[PDB]
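*Asks:* work32.cif is the file, holding mmCIF, C-alpha atoms and all ligand atoms; chains and numbers go by the auth columns:
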data_upload
#
loop_
_atom_site.group_PDB
_atom_site.id
_atom_site.type_symbol
_atom_site.label_atom_id
_atom_site.label_comp_id
_atom_site.label_asym_id
_atom_site.label_seq_id
_atom_site.Cartn_x
_atom_site.Cartn_y
_atom_site.Cartn_z
_atom_site.B_iso_or_equiv
_atom_site.auth_seq_id
_atom_site.auth_asym_id
ATOM 1 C CA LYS A 1 242.757 97.921 179.832 0.00 1 X
ATOM 2 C CA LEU A 2 243.353 101.170 181.794 0.00 2 X
ATOM 3 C CA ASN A 3 241.815 104.489 180.742 0.00 3 X
ATOM 4 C CA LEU A 4 243.216 107.600 182.422 0.00 4 X
ATOM 5 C CA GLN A 5 240.318 109.496 180.943 0.00 5 X
ATOM 6 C CA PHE A 6 237.684 107.119 182.374 0.00 6 X
ATOM 7 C CA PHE A 7 236.201 110.041 184.365 0.00 7 X
ATOM 8 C CA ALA A 8 236.374 112.727 181.651 0.00 8 X
ATOM 9 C CA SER A 9 233.403 113.773 179.482 0.00 9 X
ATOM 10 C CA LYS A 10 232.943 113.992 175.729 0.00 10 X
ATOM 11 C CA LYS A 11 231.856 117.641 175.694 0.00 11 X
ATOM 12 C CA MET B 1 232.083 116.635 189.055 0.00 1 H
ATOM 13 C CA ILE B 2 233.012 113.141 190.230 0.00 2 H
ATOM 14 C CA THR B 3 231.230 112.087 193.423 0.00 3 H
ATOM 15 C CA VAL B 4 232.626 109.262 195.558 0.00 4 H
ATOM 16 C CA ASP B 5 230.088 107.579 197.880 0.00 5 H
ATOM 17 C CA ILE B 6 231.771 105.429 200.546 0.00 6 H
ATOM 18 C CA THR B 7 229.884 103.175 202.890 0.00 7 H
ATOM 19 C CA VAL B 8 231.516 102.060 206.090 0.00 8 H
ATOM 20 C CA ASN B 9 229.785 99.423 208.282 0.00 9 H
ATOM 21 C CA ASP B 10 229.341 99.194 212.081 0.00 10 H
ATOM 22 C CA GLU B 11 232.885 97.885 212.615 0.00 11 H
ATOM 23 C CA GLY B 12 234.551 100.495 210.482 0.00 12 H
ATOM 24 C CA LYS B 13 235.244 98.339 207.493 0.00 13 H
ATOM 25 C CA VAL B 14 234.805 99.778 203.975 0.00 14 H
ATOM 26 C CA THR B 15 232.198 97.729 202.104 0.00 15 H
ATOM 27 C CA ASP B 16 231.315 99.918 199.073 0.00 16 H
ATOM 28 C CA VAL B 17 232.847 102.719 197.068 0.00 17 H
ATOM 29 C CA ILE B 18 230.799 104.129 194.220 0.00 18 H
ATOM 30 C CA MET B 19 232.400 106.697 191.901 0.00 19 H
ATOM 31 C CA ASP B 20 230.090 108.530 189.512 0.00 20 H
ATOM 32 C CA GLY B 21 230.304 111.335 186.948 0.00 21 H
ATOM 33 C CA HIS B 22 233.068 113.164 185.093 0.00 22 H
ATOM 34 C CA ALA B 23 235.591 115.687 186.475 0.00 23 H
ATOM 35 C CA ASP B 24 234.941 118.430 183.902 0.00 24 H
ATOM 36 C CA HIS B 25 238.361 119.984 184.482 0.00 25 H
ATOM 37 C CA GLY B 26 239.785 120.004 180.981 0.00 26 H
ATOM 38 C CA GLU B 27 239.268 118.587 177.519 0.00 27 H
ATOM 39 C CA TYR B 28 238.888 114.903 176.811 0.00 28 H
ATOM 40 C CA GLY B 29 242.383 113.500 176.629 0.00 29 H
ATOM 41 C CA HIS B 30 243.861 116.184 178.869 0.00 30 H
ATOM 42 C CA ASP B 31 241.831 116.111 182.047 0.00 31 H
ATOM 43 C CA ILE B 32 244.320 115.744 184.914 0.00 32 H
ATOM 44 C CA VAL B 33 241.802 115.258 187.736 0.00 33 H
ATOM 45 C CA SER B 34 240.276 112.293 185.818 0.00 34 H
ATOM 46 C CA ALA B 35 243.823 110.955 185.202 0.00 35 H
ATOM 47 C CA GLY B 36 244.542 111.226 188.964 0.00 36 H
ATOM 48 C CA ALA B 37 241.332 109.524 190.188 0.00 37 H
ATOM 49 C CA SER B 38 241.435 106.840 187.486 0.00 38 H
ATOM 50 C CA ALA B 39 245.069 105.855 188.156 0.00 39 H
ATOM 51 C CA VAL B 40 244.296 105.590 191.875 0.00 40 H
ATOM 52 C CA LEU B 41 241.075 103.591 191.389 0.00 41 H
ATOM 53 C CA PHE B 42 242.234 101.018 188.844 0.00 42 H
ATOM 54 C CA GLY B 43 245.612 100.826 190.536 0.00 43 H
ATOM 55 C CA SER B 44 244.015 99.941 193.866 0.00 44 H
ATOM 56 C CA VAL B 45 241.489 97.447 192.492 0.00 45 H
ATOM 57 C CA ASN B 46 244.154 95.566 190.532 0.00 46 H
ATOM 58 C CA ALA B 47 246.531 95.659 193.502 0.00 47 H
ATOM 59 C CA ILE B 48 243.880 94.105 195.742 0.00 48 H
ATOM 60 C CA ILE B 49 243.552 91.189 193.335 0.00 49 H
ATOM 61 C CA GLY B 50 247.333 90.968 192.895 0.00 50 H
ATOM 62 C CA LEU B 51 248.567 91.328 196.491 0.00 51 H
ATOM 63 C CA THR B 52 245.796 89.783 198.612 0.00 52 H
ATOM 64 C CA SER B 53 243.420 86.806 198.674 0.00 53 H
ATOM 65 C CA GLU B 54 240.315 89.043 198.422 0.00 54 H
ATOM 66 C CA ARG B 55 238.259 89.012 195.233 0.00 55 H
ATOM 67 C CA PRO B 56 235.970 92.064 195.226 0.00 56 H
ATOM 68 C CA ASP B 57 232.670 92.432 193.385 0.00 57 H
ATOM 69 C CA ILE B 58 233.280 94.988 190.660 0.00 58 H
ATOM 70 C CA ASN B 59 230.590 96.457 188.393 0.00 59 H
ATOM 71 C CA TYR B 60 231.138 99.390 186.009 0.00 60 H
ATOM 72 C CA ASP B 61 230.145 101.392 182.930 0.00 61 H
ATOM 73 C CA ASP B 62 232.990 100.446 180.528 0.00 62 H
ATOM 74 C CA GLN B 63 232.272 103.729 178.597 0.00 63 H
ATOM 75 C CA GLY B 64 233.459 105.718 181.629 0.00 64 H
ATOM 76 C CA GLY B 65 231.614 107.581 184.331 0.00 65 H
ATOM 77 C CA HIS B 66 230.723 104.796 186.775 0.00 66 H
ATOM 78 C CA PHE B 67 232.706 102.367 188.923 0.00 67 H
ATOM 79 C CA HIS B 68 231.470 100.252 191.906 0.00 68 H
ATOM 80 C CA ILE B 69 233.622 98.232 194.307 0.00 69 H
ATOM 81 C CA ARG B 70 231.893 96.074 196.887 0.00 70 H
ATOM 82 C CA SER B 71 234.087 94.348 199.353 0.00 71 H
ATOM 83 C CA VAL B 72 233.377 90.667 199.900 0.00 72 H
ATOM 84 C CA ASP B 73 235.724 89.521 202.601 0.00 73 H
ATOM 85 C CA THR B 74 235.505 92.771 204.565 0.00 74 H
ATOM 86 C CA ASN B 75 237.650 91.190 207.306 0.00 75 H
ATOM 87 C CA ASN B 76 240.632 90.887 204.952 0.00 76 H
ATOM 88 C CA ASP B 77 243.075 93.319 206.534 0.00 77 H
ATOM 89 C CA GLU B 78 245.330 93.644 203.581 0.00 78 H
ATOM 90 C CA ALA B 79 242.450 94.539 201.334 0.00 79 H
ATOM 91 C CA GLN B 80 241.004 97.038 203.788 0.00 80 H
ATOM 92 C CA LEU B 81 244.275 98.878 204.058 0.00 81 H
ATOM 93 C CA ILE B 82 244.441 99.201 200.240 0.00 82 H
ATOM 94 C CA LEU B 83 240.896 100.636 200.246 0.00 83 H
ATOM 95 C CA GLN B 84 241.859 103.097 203.010 0.00 84 H
ATOM 96 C CA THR B 85 244.931 104.093 201.012 0.00 85 H
ATOM 97 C CA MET B 86 242.687 104.683 197.983 0.00 86 H
ATOM 98 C CA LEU B 87 240.415 106.965 200.044 0.00 87 H
ATOM 99 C CA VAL B 88 243.326 109.019 201.379 0.00 88 H
ATOM 100 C CA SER B 89 244.728 109.408 197.839 0.00 89 H
ATOM 101 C CA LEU B 90 241.357 110.580 196.519 0.00 90 H
ATOM 102 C CA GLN B 91 241.044 112.979 199.483 0.00 91 H
ATOM 103 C CA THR B 92 244.422 114.381 198.488 0.00 92 H
ATOM 104 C CA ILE B 93 242.979 115.144 195.033 0.00 93 H
ATOM 105 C CA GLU B 94 239.775 116.625 196.589 0.00 94 H
ATOM 106 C CA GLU B 95 241.635 119.062 198.785 0.00 95 H
ATOM 107 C CA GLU B 96 243.462 120.609 195.767 0.00 96 H
ATOM 108 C CA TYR B 97 240.681 120.274 193.173 0.00 97 H
ATOM 109 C CA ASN B 98 237.663 121.166 195.242 0.00 98 H
ATOM 110 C CA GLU B 99 235.151 121.471 192.623 0.00 99 H
ATOM 111 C CA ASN B 100 236.037 118.482 190.490 0.00 100 H
ATOM 112 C CA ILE B 101 235.741 115.649 193.053 0.00 101 H
ATOM 113 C CA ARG B 102 233.628 115.106 196.241 0.00 102 H
ATOM 114 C CA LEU B 103 233.866 112.278 198.879 0.00 103 H
ATOM 115 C CA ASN B 104 230.663 111.383 200.838 0.00 104 H
ATOM 116 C CA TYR B 105 230.730 108.813 203.716 0.00 105 H
ATOM 117 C CA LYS B 106 227.547 106.867 204.508 0.00 106 H
ATOM 118 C CA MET C 1 259.312 110.658 179.818 0.00 1 S
ATOM 119 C CA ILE C 2 258.628 109.939 183.487 0.00 2 S
ATOM 120 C CA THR C 3 261.159 107.502 184.997 0.00 3 S
ATOM 121 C CA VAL C 4 260.503 105.521 188.185 0.00 4 S
ATOM 122 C CA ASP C 5 263.547 103.943 189.888 0.00 5 S
ATOM 123 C CA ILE C 6 262.579 101.322 192.519 0.00 6 S
ATOM 124 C CA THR C 7 265.134 99.805 194.938 0.00 7 S
ATOM 125 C CA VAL C 8 264.457 96.495 196.649 0.00 8 S
ATOM 126 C CA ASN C 9 266.911 95.206 199.282 0.00 9 S
ATOM 127 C CA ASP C 10 268.090 91.580 199.744 0.00 10 S
ATOM 128 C CA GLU C 11 265.012 90.626 201.829 0.00 11 S
ATOM 129 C CA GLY C 12 262.397 91.985 199.382 0.00 12 S
ATOM 130 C CA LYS C 13 261.607 95.189 201.199 0.00 13 S
ATOM 131 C CA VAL C 14 261.125 98.398 199.157 0.00 14 S
ATOM 132 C CA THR C 15 263.938 100.875 200.189 0.00 15 S
ATOM 133 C CA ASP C 16 263.600 103.695 197.671 0.00 16 S
ATOM 134 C CA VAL C 17 261.150 105.020 195.071 0.00 17 S
ATOM 135 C CA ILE C 18 262.464 107.843 192.848 0.00 18 S
ATOM 136 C CA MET C 19 260.304 109.534 190.239 0.00 19 S
ATOM 137 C CA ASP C 20 261.641 112.066 187.797 0.00 20 S
ATOM 138 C CA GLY C 21 260.623 114.007 184.711 0.00 21 S
ATOM 139 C CA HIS C 22 257.313 115.001 186.331 0.00 22 S
ATOM 140 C CA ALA C 23 257.908 118.692 185.571 0.00 23 S
ATOM 141 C CA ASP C 24 259.648 118.222 182.232 0.00 24 S
ATOM 142 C CA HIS C 25 258.366 118.945 178.729 0.00 25 S
ATOM 143 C CA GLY C 26 257.112 115.559 177.573 0.00 26 S
ATOM 144 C CA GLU C 27 255.333 114.322 174.482 0.00 27 S
ATOM 145 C CA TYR C 28 251.650 113.705 173.766 0.00 28 S
ATOM 146 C CA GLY C 29 250.302 111.859 176.736 0.00 29 S
ATOM 147 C CA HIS C 30 252.593 113.358 179.301 0.00 30 S
ATOM 148 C CA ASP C 31 250.178 115.666 181.043 0.00 31 S
ATOM 149 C CA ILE C 32 247.821 112.897 182.043 0.00 32 S
ATOM 150 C CA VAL C 33 250.369 110.191 182.735 0.00 33 S
ATOM 151 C CA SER C 34 252.356 112.631 184.976 0.00 34 S
ATOM 152 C CA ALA C 35 249.058 113.528 186.739 0.00 35 S
ATOM 153 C CA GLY C 36 248.312 109.788 187.199 0.00 36 S
ATOM 154 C CA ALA C 37 251.740 108.842 188.621 0.00 37 S
ATOM 155 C CA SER C 38 251.976 111.858 190.882 0.00 38 S
ATOM 156 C CA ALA C 39 248.455 111.389 192.380 0.00 39 S
ATOM 157 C CA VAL C 40 249.407 107.734 193.070 0.00 40 S
ATOM 158 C CA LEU C 41 252.783 108.643 194.621 0.00 41 S
ATOM 159 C CA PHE C 42 251.736 111.570 196.844 0.00 42 S
ATOM 160 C CA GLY C 43 248.560 109.685 197.687 0.00 43 S
ATOM 161 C CA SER C 44 250.600 106.688 198.866 0.00 44 S
ATOM 162 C CA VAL C 45 252.943 108.811 201.012 0.00 45 S
ATOM 163 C CA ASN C 46 249.971 110.476 202.700 0.00 46 S
ATOM 164 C CA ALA C 47 248.499 107.060 203.369 0.00 47 S
ATOM 165 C CA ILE C 48 251.789 105.856 204.792 0.00 48 S
ATOM 166 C CA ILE C 49 251.873 108.872 207.113 0.00 49 S
ATOM 167 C CA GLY C 50 248.220 108.623 208.157 0.00 50 S
ATOM 168 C CA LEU C 51 247.559 104.906 208.372 0.00 51 S
ATOM 169 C CA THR C 52 250.813 103.503 209.663 0.00 52 S
ATOM 170 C CA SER C 53 253.482 104.500 212.072 0.00 53 S
ATOM 171 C CA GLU C 54 256.217 104.666 209.512 0.00 54 S
ATOM 172 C CA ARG C 55 257.733 108.077 208.880 0.00 55 S
ATOM 173 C CA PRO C 56 259.772 107.892 205.720 0.00 56 S
ATOM 174 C CA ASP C 57 262.534 110.261 204.681 0.00 57 S
ATOM 175 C CA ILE C 58 260.770 112.239 202.000 0.00 58 S
ATOM 176 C CA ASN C 59 262.373 114.670 199.528 0.00 59 S
ATOM 177 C CA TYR C 60 260.191 116.555 196.945 0.00 60 S
ATOM 178 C CA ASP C 61 261.809 119.157 194.702 0.00 61 S
ATOM 179 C CA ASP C 62 258.719 120.747 193.103 0.00 62 S
ATOM 180 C CA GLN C 63 260.990 122.669 190.680 0.00 63 S
ATOM 181 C CA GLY C 64 263.016 119.667 189.527 0.00 64 S
ATOM 182 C CA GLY C 65 260.077 117.311 189.223 0.00 65 S
ATOM 183 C CA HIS C 66 262.171 115.007 191.432 0.00 66 S
ATOM 184 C CA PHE C 67 260.394 113.045 194.189 0.00 67 S
ATOM 185 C CA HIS C 68 262.111 110.572 196.514 0.00 68 S
ATOM 186 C CA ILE C 69 260.700 108.161 199.132 0.00 69 S
ATOM 187 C CA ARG C 70 263.301 106.419 201.316 0.00 70 S
ATOM 188 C CA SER C 71 261.939 103.806 203.738 0.00 71 S
ATOM 189 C CA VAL C 72 263.147 103.936 207.336 0.00 72 S
ATOM 190 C CA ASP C 73 261.328 101.083 209.134 0.00 73 S
ATOM 191 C CA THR C 74 261.618 98.542 206.343 0.00 74 S
ATOM 192 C CA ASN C 75 259.935 95.975 208.503 0.00 75 S
ATOM 193 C CA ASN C 76 256.694 97.969 208.777 0.00 76 S
ATOM 194 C CA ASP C 77 254.404 95.489 207.064 0.00 77 S
ATOM 195 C CA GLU C 78 251.621 98.025 206.500 0.00 78 S
ATOM 196 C CA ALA C 79 253.878 100.681 204.959 0.00 79 S
ATOM 197 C CA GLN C 80 255.425 97.957 202.743 0.00 80 S
ATOM 198 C CA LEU C 81 252.047 96.833 201.402 0.00 81 S
ATOM 199 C CA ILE C 82 251.171 100.504 200.615 0.00 82 S
ATOM 200 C CA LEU C 83 254.460 100.703 198.690 0.00 83 S
ATOM 201 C CA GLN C 84 253.783 97.513 196.781 0.00 84 S
ATOM 202 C CA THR C 85 250.261 98.797 196.066 0.00 85 S
ATOM 203 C CA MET C 86 251.847 101.932 194.624 0.00 86 S
ATOM 204 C CA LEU C 87 254.157 99.846 192.450 0.00 87 S
ATOM 205 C CA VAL C 88 251.198 97.872 191.116 0.00 88 S
ATOM 206 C CA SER C 89 249.319 101.096 190.336 0.00 89 S
ATOM 207 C CA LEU C 90 252.416 102.478 188.626 0.00 90 S
ATOM 208 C CA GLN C 91 252.753 99.266 186.627 0.00 91 S
ATOM 209 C CA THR C 92 249.113 99.574 185.550 0.00 92 S
ATOM 210 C CA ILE C 93 250.012 102.942 184.034 0.00 93 S
ATOM 211 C CA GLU C 94 253.188 101.560 182.365 0.00 94 S
ATOM 212 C CA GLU C 95 251.234 98.679 180.735 0.00 95 S
ATOM 213 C CA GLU C 96 249.064 101.068 178.724 0.00 96 S
ATOM 214 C CA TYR C 97 251.332 104.122 178.454 0.00 97 S
ATOM 215 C CA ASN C 98 254.720 102.500 177.756 0.00 98 S
ATOM 216 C CA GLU C 99 255.798 105.586 175.767 0.00 99 S
ATOM 217 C CA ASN C 100 255.351 108.066 178.642 0.00 100 S
ATOM 218 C CA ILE C 101 256.569 106.183 181.722 0.00 101 S
ATOM 219 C CA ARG C 102 259.274 103.596 182.511 0.00 102 S
ATOM 220 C CA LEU C 103 259.845 101.599 185.702 0.00 103 S
ATOM 221 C CA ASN C 104 263.427 100.486 186.527 0.00 104 S
ATOM 222 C CA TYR C 105 264.158 98.023 189.414 0.00 105 S
ATOM 223 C CA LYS C 106 267.543 98.354 191.149 0.00 106 S
HETATM 224 CA CA CA D . 249.949 89.603 200.643 0.00 1 M
HETATM 225 CA CA CA D . 269.025 95.795 194.937 0.00 2 M
HETATM 226 NI NI NI D . 266.864 111.218 195.101 0.00 3 M
#
Translate this structure into structure tokens?

*Replies:*
Amino acid sequence: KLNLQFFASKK
Amino acid sequence: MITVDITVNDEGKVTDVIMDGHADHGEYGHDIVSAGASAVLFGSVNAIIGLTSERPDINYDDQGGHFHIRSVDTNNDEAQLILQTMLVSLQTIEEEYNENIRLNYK
Amino acid sequence: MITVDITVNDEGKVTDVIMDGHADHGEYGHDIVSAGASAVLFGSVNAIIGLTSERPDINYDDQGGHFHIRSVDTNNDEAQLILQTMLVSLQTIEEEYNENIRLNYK
């Protein structure tokens, strides 16, 4: 599926 | 920061784009730079498959942080225009969010 | 909620894309989905102005969160494939974020 937060970190 | 390494062969055709890292703009769930780049990436890749006869080699970290597109039929004009479009869109994000995303041509 | 109104003419050519609710309150999910759709839309327009010879009638009201692309040369095959690439990318967003964005064909 699509993840708009694919390029965002955990912390 | 997300870095976007683009390789363009002798004839000017885009053969690889490699996108690596995280944008580090906001909090997980609310990062707008990541939302921008992601929508453009996955949108383009799926569109290639959907609108043209090209079937690109795709390899990625399904936990986020790494996507690789290698073109196969680099001569496919429809597919090359979609890749160009992608680059211009990501450049549009770079010029307003300078420190979150970087394009590098090889 | 972001709405996207898409007008196709009798021959299949995309005439109009209207996005609204960009700059409106929105629920959980809005900030990123709005960031996604807008990067795809403004990205596409820039690509249509830099990669093709089509010069569409463009109206962006930054205050209203109302953005309107009206095609002029509807026979420009390159511009038209950039538009259908945009639609695909917008659909990709709809598929997973049905609660924050809706596409309507007219
Ligand atoms: Ca086609
Ligand atoms: Ca109609
Ligand atoms: Ni309008």

*Asks:* Counting only C-alpha atoms and all ligand atoms, which protein, DNA or RNA residues come within 8 Å of ligand CA 1 (chain M), given as an NGL selection string?

*Replies:* (:H and (51-53 or 78)) or (:S and (81))

*Asks:* Would you please work out which residue, of S:72, S:79, S:18, S:8, is nearest to chain H when using only C-alpha atoms?

*Replies:*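 Residue with the minimum atom-to-atom distance to chain H: S:79.
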
*Asks:* Between S:1, S:87, S:35, S:17, which one has atoms that come closest to ligand NI 3 (chain M), using only C-alpha atoms and all ligand atoms?

*Replies:*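 Answer, going by the shortest atom-to-atom distance: S:17.
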
*Asks:* Could you expand the PyMOL selection byres ((chain X) within 10 of (chain S)) into the explicit residues it covers here, written as a list in words?

*Replies:*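 Taken on the displayed file, the PyMOL selection byres ((chain X) within 10 of (chain S)) yields the residues residues 1, 2, 3, 4 and 5 of chain X.
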
*Asks:* Okay, now the selection with C-alpha atoms, as a compact mmCIF listing (two decimals), in the frame of the given file?

*Replies:*
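So result-v2.txt came out as:
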# COMPACT_ATOMS: atom_id res chain seq x y z
CA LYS X 1 242.76 97.92 179.83
CA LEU X 2 243.35 101.17 181.79
CA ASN X 3 241.82 104.49 180.74
CA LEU X 4 243.22 107.60 182.42
CA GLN X 5 240.32 109.50 180.94

*Asks:* Within 8 Å of ligand NI 3 (chain M) (counting only C-alpha atoms and all ligand atoms), which residues show up? I'd like them as a VMD selection string.

*Replies:* chain S and resid 18 59 66 to 69

*Asks:* Store the residues picked out above, limited to C-alpha atoms, as a PDB file, in the frame of the given file.

*Replies:*
ATOM      1  CA  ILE S  18     262.464 107.843 192.848  1.00  0.00           C
ATOM      2  CA  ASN S  59     262.373 114.670 199.528  1.00  0.00           C
ATOM      3  CA  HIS S  66     262.171 115.007 191.432  1.00  0.00           C
ATOM      4  CA  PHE S  67     260.394 113.045 194.189  1.00  0.00           C
ATOM      5  CA  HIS S  68     262.111 110.572 196.514  1.00  0.00           C
ATOM      6  CA  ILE S  69     260.700 108.161 199.132  1.00  0.00           C
TER       7      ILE S  69
END

*Asks:* If the limit is 8 Å from any atom of ligand CA 2 (chain M), counting all atoms listed in the file, which residues qualify? Return them as a PyMOL selection string.

*Replies:* chain S and resi 7-10+105-106

*Asks:* Kindly export the residues of the current selection with C-alpha atoms, as a PDB file, in the frame of the given file.

*Replies:*
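Output saved as selection.pdb:
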ATOM      1  CA  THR S   7     265.134  99.805 194.938  1.00  0.00           C
ATOM      2  CA  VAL S   8     264.457  96.495 196.649  1.00  0.00           C
ATOM      3  CA  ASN S   9     266.911  95.206 199.282  1.00  0.00           C
ATOM      4  CA  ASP S  10     268.090  91.580 199.744  1.00  0.00           C
ATOM      5  CA  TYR S 105     264.158  98.023 189.414  1.00  0.00           C
ATOM      6  CA  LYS S 106     267.543  98.354 191.149  1.00  0.00           C
TER       7      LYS S 106
END

*Asks:* Only residues of chain H matter here; which ones have an atom within 6 Å of chain S, counting only C-alpha atoms? Give them as a ChimeraX atom specification.

*Replies:* /H:32,35-36,39-40,43,47,85,88-89

*Asks:* Can you state the RMSD, in Å, between chain S and chain H once they are superposed by least squares on every Cα paired in order?

*Replies:*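 With all C-alpha atoms paired in order, the RMSD is 2.5 Å.
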
*Asks:* For residue 3 of chain S, which of S:65, S:21, S:60, S:26 is the closest residue, counting only C-alpha atoms?

*Replies:* S:21

*Asks:* Hey, what comes out of the PyMOL selection byres (((chain S and resi 70) around 6) and not hetatm) on this file? Could you write it as a PyMOL selection string?

*Replies:* chain S and resi 15-16+56-57+69+71

*Asks:* Which value, in Å to one decimal, gives the distance between atom CA of residue 64 of chain H and atom CA of residue 2 of chain S?

*Replies:*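 Separation between atom CA of residue 64 of chain H and atom CA of residue 2 of chain S: 25.6 Å.
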
*Asks:* Of the residues H:54, H:61, H:20, H:27, which is the one nearest to residue 6 of chain H, using all atoms listed in the file?

*Replies:*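 Among H:54, H:61, H:20, H:27, it is H:20 that comes nearest to residue 6 of chain H.
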
*Asks:* Of the candidates S:75, S:63, S:55, S:49, which one gets nearest to residue 24 of chain S if we count all atoms listed in the file?

*Replies:*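 The closest residue to residue 24 of chain S is S:63.
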
*Asks:* Calculate, to one decimal in Å, the centre and edge lengths of the box along x, y and z of the file that holds all listed atoms of segment 83-97 of chain S with 6 Å of margin on each side, and present them as lines of an AutoDock Vina configuration file.

*Replies:*
center_x = 251.8
center_y = 100.8
center_z = 188.6
size_x = 17.4
size_y = 18.6
size_z = 32.2

*Asks:* Using all atoms listed in the file, can you tell me which of H:4, H:58, H:23, H:76 comes closest to residue 99 of chain H?

*Replies:* H:23

*Asks:* Using Å and a single decimal, report how far atom CA of residue 6 of chain X sits from atom CA of residue 25 of chain S.

*Replies:* 24.1 Å

*Asks:* Please return chain X, rebuilt to N, CA and C atoms, as a compact mmCIF listing (two decimals), in the frame of the given file.

*Replies:*
# COMPACT_ATOMS: atom_id res chain seq x y z
N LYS X 1 241.53 97.16 179.66
CA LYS X 1 242.76 97.92 179.83
C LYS X 1 242.48 99.14 180.72
N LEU X 2 243.49 99.97 180.96
CA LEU X 2 243.35 101.17 181.79
C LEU X 2 243.05 102.42 180.98
N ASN X 3 242.16 103.28 181.45
CA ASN X 3 241.82 104.49 180.74
C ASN X 3 241.95 105.67 181.70
N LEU X 4 243.01 106.45 181.58
CA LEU X 4 243.22 107.60 182.42
C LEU X 4 242.18 108.69 182.26
N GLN X 5 241.39 108.62 181.21
CA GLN X 5 240.32 109.50 180.94
C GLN X 5 238.94 108.85 181.18
N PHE X 6 238.89 107.82 182.00
CA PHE X 6 237.68 107.12 182.37
C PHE X 6 236.64 108.07 182.94
N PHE X 7 237.09 109.05 183.74
CA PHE X 7 236.20 110.04 184.36
C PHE X 7 236.24 111.43 183.69
N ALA X 8 236.49 111.49 182.40
CA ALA X 8 236.37 112.73 181.65
C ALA X 8 235.24 112.65 180.63
N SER X 9 234.55 113.75 180.39
CA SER X 9 233.40 113.77 179.48
C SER X 9 233.75 113.85 178.02
N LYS X 10 232.74 113.81 177.15
CA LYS X 10 232.94 113.99 175.73
C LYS X 10 232.94 115.48 175.45
N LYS X 11 231.93 116.20 175.92
CA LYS X 11 231.86 117.64 175.69
C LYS X 11 231.81 118.53 176.94
